[PDB]
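Numbering (our numbering), first residue to last: 158 to 198.
Report on one structure; see the data block that follows.
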């Protein structure tokens, strides 16, 4: 909705689950200490 991009799913959720990282306007605002394919690791 904000950009020509959309939540990056790491497995079965989206962005390594919001608990670790949230997907957003063409991005994903994760917390310090996360990476993975999105924000799971």
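All C-beta atoms, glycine included, are put in the ideal place defined by N, C-alpha and C.
### Query
What residues in its chain sit with their C-beta under 6 angstroms from that of residue 194, if we drop five residues either side in the sequence?
167
### Message
Below 8 angstroms on the Cβ atoms is my contact criterion, and I expect residue 178 with residue 185 to pass it. Report the Cβ-Cβ distance as a whole number of Å.
### Response
5 angstroms
### Query
Who are the Cβ neighbours of residue 180 in its own chain at under 6 angstroms, not counting the five residues just before and after it?
164, 171, 172
### Message
9 angstroms is my cut-off, CB to CB: does residue 165 come that close to chain D?
### Response
The structure shown contains no chain D; it holds only a single protein chain.
### Query
Which term fits residue 190, buried or exposed, when burial requires 16 or more other beta carbons within 10 angstroms of its beta carbon?
exposed
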